[PDB]
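>
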Amino acid sequence: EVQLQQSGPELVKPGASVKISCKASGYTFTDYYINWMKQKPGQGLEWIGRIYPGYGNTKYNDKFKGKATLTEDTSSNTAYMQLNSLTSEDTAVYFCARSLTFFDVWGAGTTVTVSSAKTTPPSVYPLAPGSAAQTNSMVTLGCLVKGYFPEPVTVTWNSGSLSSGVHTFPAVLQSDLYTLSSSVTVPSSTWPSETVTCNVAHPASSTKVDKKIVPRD
Amino acid sequence: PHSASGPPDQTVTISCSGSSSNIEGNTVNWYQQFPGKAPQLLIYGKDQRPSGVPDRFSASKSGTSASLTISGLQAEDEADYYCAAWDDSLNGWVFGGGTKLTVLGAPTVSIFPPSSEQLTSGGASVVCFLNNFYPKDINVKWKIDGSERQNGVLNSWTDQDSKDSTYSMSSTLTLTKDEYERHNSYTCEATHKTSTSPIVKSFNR
């Protein structure tokens, strides 16, 4: 099947450079005109650059002309976006698209954060109930992911097997550190019967930690 | 509009206007960006449906005025709809604002004391669940020994859940270990239209 997968994002200092790649599969890559579309935090979609399988190679948003270079390697089925002289305005999720008119296929997107702040791994704290009032029926467990930078972190419960009854709250920024929480509601007979764990990944610092939820004494 | 709150089964319509005619060449498309997903094209060439898109969607318009209609809204329809032209139609390609959707809203209903592990670091965070509620509007207050606290509270809402169409919020109150230990009662108080009196959860050290 058709898929686009981006990689190369992360933290970059203003003026620094980053190179994003998109890996295409499930279609004849050489046939299609490919683009990058970006979305700044809490804002709308914005076209960045296009490359068509012609004799030449490209179109650019005016603001990125001279700083960004869009290229492709048809032999590796890969699209590239070289970003130099990055500004704070460049912070956003970058999506690779394979339009036909018309962006019919999109990548998952990759977050690029242009900031002076340092990479800081998250402290992950298991949130076990501190009251016996909430027993039986449904028990709610928590995971607190505190003091990290930059976004994003990934939170799963039991490596993904626990999908339903999960609320992962959007992170709050405070003094260049993000904190988020995630709650999970399971039947009380599942916990502490069987293990419940939260899995936190912070690829910006290569942090990958699992915190088993153990009941309090 | 910049909004759109429709009940399941009812019709919805979105309008899009362009400053210049774009009926030529292509090229007017409609995209849908479901929460936590990449945009997905539903209609191209004004009224042609993309593969997989339900019959419920219909696109029309001409010149500078465009409309996207959904004869019957289903839970899976929620998200952000965008209007867009062709990058090679008028260059450069541009998108409409936000599909009419923008909001608030971020607690927890179920309260948690700081873990022993955190207290060791010299910090103390109290966390407060407010799950599966509607409407999104809700007010959460923190009281430490009866006194309301505004400083050091982080709130954060989830997008509307496609399974039950409810929202959930998380509210965290972060104090130093020293200040946490100089007080006894910690309360999370939620004001929501569903209850005449605020819902209260608390614990005492």
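So the sequence lines, in the order shown, correspond to chains A and B.
Under this note's numbering, think of the first position of the first sequence as 1, with each following residue one higher.
Under this note's numbering, think of the first position of the second sequence as 1001, with each following residue one higher.
Backbone N, C-alpha and C define an ideal beta-carbon position, used for all residues, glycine too.
(1) Report buried or exposed for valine 214(A), applying the criterion of at least 16 other Cβ atoms within 10 angstroms of its Cβ.
(2) Hey, how far is the Cα of residue 262(A) from the Cα of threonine 179(A)?
(3) Using the three-state DSSP reduction, which class does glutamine 6(A) fall into: helix, strand or coil?
(4) Are the beta-carbon atoms of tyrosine 1081(B) and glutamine 1048(B) separated by less than 7 Å?
(5) Three-state secondary structure (DSSP) at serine 1121(B)?
(6) Identify the contact partners of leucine 127(A) in chain B, using a Cβ-Cβ distance below 8 Å as the criterion.
(7) With 7 Å as the threshold, decide whether the Cβ of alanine 1038(B) is near any Cβ in chain A.
(8) Kindly list, in the order they appear in chain B, the residues whose Cβ is closer than 7 Å to that of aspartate 104(A).
(9) Determine which residues of the region 20-50 of chain A have a Cβ less than 8 Å from any Cβ of chain B, and write them out in chain order.
(10) Please confirm whether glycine 1006(B) and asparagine 1026(B) have their CB atoms less than 7 Å apart.
(11) Which residues mark the beginning and the end of the beta strand (DSSP E) in which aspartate 104(A) is found?
(12) Under 7 Å between beta-carbons, which chain B residues line up against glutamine 174(A)? List them in chain order, please.
(13) Going by C-alpha to C-alpha distance, which of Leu45(A), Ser88(A), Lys23(A) sits closest to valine 12(A)?
(14) Output, in sequence order along the chain, the residues in the region 1019-1031 of chain B whose CB is closer than 8 Å to any CB in chain A.
(15) Run through DSSP, which three-state label would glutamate 1189(B) get?
(16) Taking all protein chains shown into account, do 16 or more other C-beta atoms lie within 10 angstroms of the C-beta of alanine 1075(B), making it buried, or fewer, making it exposed?
(17) Using 8 Å for Cβ pairs, my map puts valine 1127(B) next to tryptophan 1142(B). What's the rounded Cβ distance?
(18) If you follow the beta strand (DSSP E) that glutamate 1179(B) is in, where does it begin and where does it stop?
(19) I want to verify the contact list: residues of chain B whose CB lies under 7 Å from the CB of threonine 179(A), in sequence order.
(20) From this set, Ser182(A), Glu46(A), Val153(A), which residue's C-alpha is nearest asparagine 1131(B)'s C-alpha?
(21) By the three-class DSSP mapping on this structure, what secondary structure does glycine 54(A) have?
(22) What are the boundary residues of the beta strand (DSSP E) that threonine 28(A) is part of?
(23) Using the DSSP secondary-structure output, state which residues sit across from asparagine 1204(B) in a beta bridge.
(24) When the Cα atoms are used, what is the spatial distance from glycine 1122(B) to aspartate 1009(B)?
(25) My guess is that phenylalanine 95(A) and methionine 37(A) are in contact by the Cβ rule of under 8 Å, so how many angstroms apart are they, rounded?
(26) The beta strand (DSSP E) spanning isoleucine 1144(B) covers which residue range?
(27) Please name the residue, chosen from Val1200(B), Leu1068(B), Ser1115(B), that lies closest to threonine 1099(B) on a Cα-to-Cα basis.
(28) Would the region 1176-1186 of chain B and the region 1143-1163 of chain B be scored as touching if the rule is three or more Cβ pairs under 8 Å?
(29) Would you list the one or two residues that DSSP bridges to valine 114(A)?
(30) Assign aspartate 90(A) to buried or exposed, taking buried as 16 or more other Cβ atoms, counted over all protein chains shown, within 10 Å of its Cβ.
(31) Just to confirm my understanding: we take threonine 1191(B), look at its own chain, exclude 5 residues before and 5 after, and list those with CB closer than 6 Å. What are they?
Once the coordinates are examined:
(1) Taking the first residue of the first sequence as 1, we reach residue 214(A) at position 214. By the 10 Å Cβ count, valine 214(A) comes out exposed.
(2) A question about residue 262(A) goes unanswered here, because the residues of chain A that appear run from 1 up to 217.
(3) Against the first sequence, residue 6(A) aligns to sequence position 6. DSSP places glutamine 6(A) in strand when its eight states are reduced to three.
(4) Against the second sequence, residue 1081(B) aligns to sequence position 81. Against the second sequence, residue 1048(B) aligns to sequence position 48. Going by C-beta atoms, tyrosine 1081(B) is not nearer than 7 Å to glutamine 1048(B).
(5) Taking the first residue of the second sequence as 1, we reach residue 1121(B) at position 121. The answer is helix: DSSP assigns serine 1121(B) an H, G or I state.
(6) For this step, residue 127(A) is matched to residue 127 along the first sequence. Within chain B, the residues near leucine 127(A) are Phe1112, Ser1115, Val1127.
(7) Indexing the second sequence from 1 puts residue 1038(B) at position 38. So, interface residue.
(8) To locate residue 104(A), count along the first sequence from 1; it is residue 104. Ordered by position in chain B, the residues that pass the 7 Å Cβ test against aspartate 104(A) are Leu1041, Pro1050.
(9) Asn35, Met37, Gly44, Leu45, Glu46, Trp47, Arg50
(10) Locating residue 1006(B) in the second sequence gives position 6, where the first residue counts as 1. Locating residue 1026(B) in the second sequence gives position 26, where the first residue counts as 1. It is not a contact, given that the beta carbons lie outside the stated cut-off.
(11) One-based indexing of the first sequence puts residue 104(A) at position 104. Element bounds for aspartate 104(A): 103-106.
(12) Start at 1 with the first residue of the first sequence, and residue 174(A) comes out as number 174. Chain B residues near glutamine 174(A): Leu1154.
(13) For the purposes of this step, residue 12(A) is taken as residue 12 along the first sequence, with counting starting at 1. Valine 12(A) has its Cα closest to that of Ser88(A), out of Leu45(A), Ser88(A), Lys23(A).
(14) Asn1026, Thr1027, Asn1029, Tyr1031
(15) Indexing the second sequence from 1 puts residue 1189(B) at position 189. Note: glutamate 1189(B) maps to strand in three-state DSSP.
(16) Here the question's residue 1075(B) lines up with position 75 in the second sequence. Classification of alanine 1075(B): exposed, given that the 10 Å Cβ count is below 16.
(17) As a first step, residue 1127(B) is located in the second sequence; it is residue number 127 there, counting from the start. As a first step, residue 1142(B) is located in the second sequence; it is residue number 142 there, counting from the start. Wrong, their Cβ atoms sit about 11 Å apart, outside the cutoff.
(18) On the second sequence, residue 1179(B) is found 179 positions in, with the first residue counted as 1. That residue, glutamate 1179(B), is in no beta strand (DSSP E); its alpha helix (DSSP H) goes 1177-1180.
(19) By one-based count along the first sequence, residue 179(A) stands at place 179. Residues of chain B passing the Cβ test: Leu1154, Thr1172.
(20) Within the second sequence, residue 1131(B) is the residue found at index 131, counting from 1. Cα-wise, what sits closest to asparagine 1131(B) is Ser182(A).
(21) One-based indexing of the first sequence puts residue 54(A) at position 54. The answer is coil: DSSP assigns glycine 54(A) none of H, G, I, E or B.
(22) Walking along the first sequence from the start, residue 28(A) turns up at place 28. Taken as a continuous stretch (DSSP letters only), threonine 28(A) belongs to no beta strand (DSSP E), as it is neither H nor E.
(23) Mapped onto the second sequence, residue 1204(B) falls at position 204. For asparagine 1204(B), which the question treats as bridged, DSSP gives the partners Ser1185(B).
(24) Here residue 1122(B) is taken as the residue at index 122 of the second sequence, counted from 1. Here residue 1009(B) is taken as the residue at index 9 of the second sequence, counted from 1. Their Cα atoms are separated by approximately 53 Å.
(25) Taking the first sequence and counting its residues from 1, the one referred to as residue 95(A) is at position 95. Taking the first sequence and counting its residues from 1, the one referred to as residue 37(A) is at position 37. Contact holds; Cβ gap of about 5 Å.
(26) As a position in the second sequence, residue 1144(B) is number 144, starting the count at 1. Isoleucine 1144(B) -> beta strand (DSSP E) spans 1139-1144.
(27) What you label residue 1099(B) is simply residue 99 of the second sequence in a count that begins at 1. Answer by Cα proximity: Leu1068(B).
(28) yes
(29) Counting from 1 along the first sequence, the entry for residue 114(A) is found at position 114. Partner(s): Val12(A).
(30) Taking the first sequence and counting its residues from 1, one reaches residue 90(A) at position 90. Burial call: buried.
(31) Within the second sequence, residue 1191(B) is the residue found at index 191, counting from 1. If we look at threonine 1191(B) and ignore the five residues flanking it on each side, its Cβ neighbours are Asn1139, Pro1198.
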